[PDB]
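# Understanding the architecture of this molecule
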Amino acid sequence: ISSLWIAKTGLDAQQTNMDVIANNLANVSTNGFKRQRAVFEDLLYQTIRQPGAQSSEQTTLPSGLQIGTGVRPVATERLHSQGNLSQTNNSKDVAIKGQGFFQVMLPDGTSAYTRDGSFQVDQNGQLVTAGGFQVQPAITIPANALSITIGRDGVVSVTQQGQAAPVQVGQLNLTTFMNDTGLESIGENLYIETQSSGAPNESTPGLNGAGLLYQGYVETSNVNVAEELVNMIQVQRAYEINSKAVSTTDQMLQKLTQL
Amino acid sequence: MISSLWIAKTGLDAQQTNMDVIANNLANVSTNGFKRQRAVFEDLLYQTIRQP
Amino acid sequence: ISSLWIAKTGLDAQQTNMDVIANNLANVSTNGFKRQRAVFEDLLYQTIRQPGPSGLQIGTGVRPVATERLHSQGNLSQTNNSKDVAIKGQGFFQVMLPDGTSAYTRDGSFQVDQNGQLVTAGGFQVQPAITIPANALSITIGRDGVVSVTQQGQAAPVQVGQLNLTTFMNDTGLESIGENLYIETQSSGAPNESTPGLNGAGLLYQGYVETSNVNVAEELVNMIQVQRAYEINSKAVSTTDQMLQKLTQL
Amino acid sequence: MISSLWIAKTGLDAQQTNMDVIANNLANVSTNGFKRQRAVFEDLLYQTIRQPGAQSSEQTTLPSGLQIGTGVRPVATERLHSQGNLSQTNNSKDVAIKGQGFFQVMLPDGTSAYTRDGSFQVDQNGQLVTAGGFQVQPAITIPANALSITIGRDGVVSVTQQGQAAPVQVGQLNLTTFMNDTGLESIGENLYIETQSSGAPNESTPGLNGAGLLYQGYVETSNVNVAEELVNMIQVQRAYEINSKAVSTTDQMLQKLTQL
Amino acid sequence: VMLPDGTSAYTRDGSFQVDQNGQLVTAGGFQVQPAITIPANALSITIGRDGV
Amino acid sequence: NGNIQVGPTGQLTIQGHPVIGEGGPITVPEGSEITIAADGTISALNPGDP
């Protein structure tokens, strides 16, 4: 019967809503995470009487008979707002303030883009991210380093013992996209470009609408904890209501069959 | 046995590991030549219903 | 004599649907299980010509034509074990049956036999034959198939084997046997083996195990629907029996 | 009769076994040197009505045949052989073991068992025995006039006297290593015995050939994560309820067919 | 759908699979006449609102 | 009468009489499982064979 096939879609929509809520609440402490919200959509409609049909020679129907089919989760989106900064007092932690993504060379040869800035140096001195992947501009740090300085410009400078001025080792460019909401979000806290996302535009920080870089800070996730509790209350109550609808349809059919 | 349950389980495990490293740092606060620890998390795989 | 067999086919179809629903609900915790859905289609139509547009086609029952597995991606559960492996994307581990043939699996839960090889829970050994040595201080499986074991007194870990995985151009056609194993058929394409992360192969996560893609709410709604359909379809048999008895009374 | 009834019965039995494993893990949460265990499931055979890949017609094949399931069964259980947390008891005759290995004890009937619970006493004869009376295989014998007992990281046990300053060596507390620790057969009182799955045990001194060290005065705690156990309890309860509902639905439809 | 006899039969049920060549077929082996070919090593298959 | 039967020597036969196709009556492998296509093709699978 139709009502069962409608309430089933309702239940599935509520389940997906609960899933995205739980995913947002799970990695509340993941640095550089963007909250996700789901947008639903009603399904097709069955038109029994066509609205606007000639009801007589003069009058016409004001609104015909249409019956809904259910709801369908059309999409989900990520809010690219600015999360709060947290201080870690680590010389190699970079927080991006504004817009942009660090470019990373994946082992296969492709390129990914990420926002979580927390870097180390491998045995060869190259600057890599937590996970082994290396930053694309290939910032190399000598073995005789005393400190690492990353100014808001994006230029990485290193000091050596018995020297007057530090020696620049490279520039830490960053890429911005026309539409960062369209980036395909692979695991390991990485995004890759798609057709919906524009072609990457690489630039130095602080120019052409790019963000700035702060050294020693990490960008926290922009997950609003208070909103999740009320969202959970709403999701649970909606699920209970749809369950009651299914129960009513079942009772109706059970009465019908034993006729 | 629903996806939300497993997601919440992973979140609980992550918070437990965070508390573990916090307690470890607090325990040996008076140990000579000791360096603190900080855990870094990443999100797991994403399953795509409609391709972006 | 007329609607009895049509209603019998309907009852049988609903029974088969209930069977697949119950089978899906049974292994809600089996690792790497893929849910199945059955599809039906009506049988041949008989036609009665008009004397001398024509029409008047009287149908008959329905039969189940196929059942398909939704080869989707399941959620990952954490076990902390150092030998459990989970697939990220598409691909099957290749295992060898003791007979000599080859099977393929999604369930990553590996152990080590007395000889140091890598086997699945049941004794079947992974075909590339990873041979973990003794005194293995720790074993790590990365994104690729490289399995590295660290040994005491050794700075650089020694690579002990490569864990390739196979992919098919049609995985829905794989024949299913017990203990989470698949055997290639004619419908399924010839297997192609590749390193993880290349040519459409997935990645390998260490310490995680793939869950099953079973939606309990969908199963409950289908259960209500199939029970009501069966209960209604019994009425056709009841009414046909009553009218046939009334006919034969005179 | 109806296959779905037996399928749901198998599901209920699997959930019952899972709950039994969870309850066993929770019961001995305070047992020293206990390893949590996880059950692994698998599905039974499949009834194939139409053979996949068969010729649907000329120059065409069936994309996927008709196969119906039969149920599930638990295939095996695996113990997570990882390192537990150490807790201090200040007692000088308790040793925890760091890394891999098992202490070897001699069962009274003459066989040998391998344990990991380190908390020993001294019998009336002066031998070092486990909590339960089984004597440790290397046969450590402590003399009478003992002030303090020192068990080093490398497994050499010595005892101090009153007169002479230098402590006297008493024995070596070497430990055994296996190819497959998970394959050991488990019995009561925290004991494991060698099976065919686990390779032949090889003894070694602690700290060599990948064998762990000894910490005197500490006991290894069970590696049970209660937070996981509670969520697993919720999961198994819900799955049991779902399977019971399936049984009820099958009974209802069978009754309706009967009333015909 | 292209029948084995060579004639064309028209259907409404949407449930499609792929055979050993990647050709799009119905559940039963019959091929869709436009003969959409899905290559191997394909990450995802999308069927948009139109017939693309 | 579509109730096809197979004898001990792989002889396809409806009740009493053998079934014929191209040429004489058709014979199949000794104990292979038989699948009937939608156009009359007979697929034979020897048991145990992949």
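The residue numbers you see begin from 1 on each chain and track the sequence as written, which may not match the entry, and residues missing coordinates are not shown. As they are written, the chains are lettered A onward and the ligands numbered 1 onward, keeping that order. Here we see only some chains of a larger assembly; the values are for those chains and no others. The side-chain figures draw on all heavy atoms in the structure; neither hydrogens nor water molecules are used.

Deposited coordinates in this entry are attributed by the record to cryo-EM, at a stated resolution of 3.2 Å.

Once that is clear, we can look at the overall build of chain A. A run of H or I in DSSP becomes a helix once it reaches four residues, and a run of E becomes a strand once it reaches two; helices and strands are each numbered from the N terminus. Helix and strand counts for chain A stand at two helices and 20 strands. A radius of gyration in this sense is built from C-alpha atoms; the matching globule rule multiplies 2.2 Å by the number of residues raised to 0.38. Taking 18 Å as the expected radius of gyration for a compact globule of 259 residues, we find that chain A reaches 27 Å, considerably beyond that expectation. Residue burial in chain A is summarised as follows: out of 259 residues, 40% are buried. For chain A, the share of sequence-separated contacts (at least 6 apart) that also reach a separation of at least 24 residues comes to 62%. Exposure classes here rest on a 1.4 Å probe applied to the protein chains alone. A residue is buried below 20% of its type maximum, exposed above 50%, and partly exposed in between. Throughout, a residue-residue contact means that at least one pair of heavy atoms, one from each residue, lies within 4.5 Å.

Okay, the side chain of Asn18(D) next. All names here are of chain D. In this fold, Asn18 is placed in helix α1 (residues 3-27). For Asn18, a relative accessible area of 16% corresponds to the buried category. Apart from the residues within four sequence positions on either side, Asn18 is in contact with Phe41 and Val236.

Residue and element names in this part refer to chain D. Two strands qualify as a pair provided that DSSP identifies no fewer than 2 bridges between them. The three strands are arranged β14-β15-β16 in an open sheet whose pairing can be described as antiparallel. The outermost strands of the open sheet, each flanked by one partner alone, are β14 (149-151) and β16 (168-172). Averaged over all pairs of adjacent strands, the angle between strand axes in this sheet comes to 25°, irrespective of strand direction. Here an angle of 0 to 180 degrees is reported between the N-to-C directions of two axes, which are lines fitted to C-alpha atoms, with helices fitted over the stretch in contact.

Where nine pairs of chains are in contact, the pair with the most contacts is made of chains C and D. Where chain B comes nearest to chain F, the C-alpha atoms are still 34 Å apart, and the two do not contact one another.

This next bit is on the interface of chain D and chain C. On the side of chain C, 62 residues touch chain D, which itself brings 61 residues to the contact. What gets called buried area is simply the loss in accessible area from a 1.4 Å probe that two parts show on being joined, summed for both. Taken together, both faces of the contact between chain D and chain C bury some 4,900 Å²; the carbon and sulfur share is 56%. Among the residues of chain D in contact with chain C, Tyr46(D), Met179(D) and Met253(D) are the three that bury the most area, contributing 12% of the side total. Salt bridge, as applied in this entry: a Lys or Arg side-chain nitrogen positioned within 4 Å of an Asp or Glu carboxyl oxygen. For the pair chain D and chain C, the interface holds zero salt bridges. Side-chain atoms alone can form a polar contact between residues adjacent in sequence; in general such a contact is a pair of N or O atoms within 3.5 Å, and within protein one must be able to donate a hydrogen while the other accepts it. There are twelve residue pairs in polar contact connecting chain D and chain C. Mapped onto the side of chain D that touches chain C, the elements with two or more residues apiece are α1, β1 (37-43), β2 (47-50), β5 (66-68), β6 (72-79) and α2 (226-259) of chain D. Here the side of chain D that touches chain C takes twelve residues from α2(D), the largest share from any one element. Only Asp, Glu, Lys and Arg are considered charged, only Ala, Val, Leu, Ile, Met, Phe, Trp, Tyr, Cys and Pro nonpolar, and every remaining residue, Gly among them, polar. Its residues assigned to classes, the side of chain D that touches chain C comprises 23 nonpolar, 28 polar and ten charged.

Residue and element names in this part refer to chain A. In space, the three strands of this open sheet follow the order β12-β13-β14, with antiparallel pairing throughout. Unpaired on one side and paired on the other, β12 (145-150) and β14 (167-171) mark the two borders of the sheet. For this sheet the average axis-to-axis angle between neighbouring strands, irrespective of direction, equals 25°. Pairing geometry for strand β13 (residues 155-160) and β14, over four bridges, is antiparallel. Considered in β14, the bridge of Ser157 is made with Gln168.

The subject of this paragraph is the environment of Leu97(C). All names here are of chain C. Of note, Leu97 is situated in the loop between β7 (93-96) and β8 (102-105). Classification of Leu97 by relative accessible area gives buried; the value is 16%. Distance from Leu97 to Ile232, taken between C-alpha atoms, is 47 Å for residues 135 residues apart in sequence. With residues up to four places along the chain from it excluded, the contact list for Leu97 reads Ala103 and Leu181.

Listed by partner, the interface residues are seven residues for chain F and six residues for chain D. Taking both sides of the interface into account, the surface hidden between chain F and chain D amounts to around 490 Å²; carbon and sulfur atoms contribute 54%. Contact with chain D buries surface across chain F, with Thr35(F), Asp39(F) and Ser43(F) losing the most and accounting together for 55% of the total. At the boundary of chain F and chain D, one finds zero salt bridges. Linking chain F to chain D there are four residue pairs in polar contact. Taken together, the residues of the side of chain F that touches chain D sort by class into three nonpolar, three polar and one charged.

Residues and elements named next belong to chain C. Only buried residues count toward a nonpolar core, which is a set of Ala, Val, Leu, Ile, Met, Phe, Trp, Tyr and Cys residues joined through side-chain atoms within 4.5 Å. Residues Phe93 and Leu204 are the most contacted members of the largest nonpolar core, which totals 18 residues. Only β6 (85-88), β9 (110-112), β12 (138-141) and β13 (146-150) provide two or more residues apiece to this core. Each residue touching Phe93, except ones within four places of it in the same chain, is listed here: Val85, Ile87, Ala103, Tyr104, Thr105, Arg106, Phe110, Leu163 and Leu204.

What follows deals with the pattern of salt bridges. Residues and elements named next belong to chain A. Scanning the entire structure with this criterion turns up 24 salt bridges over all chains. Between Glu77 and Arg37 there is a salt bridge, with its nearest N and O atoms 3.2 Å apart. Taken as a pair, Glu77 in strand β4 (residues 71-78) and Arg37 in strand β1 (residues 36-42) lie far apart in primary sequence, 40 residues in all. Owing to a relative accessible area of 38%, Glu77 belongs among the partly exposed residues under this scheme.

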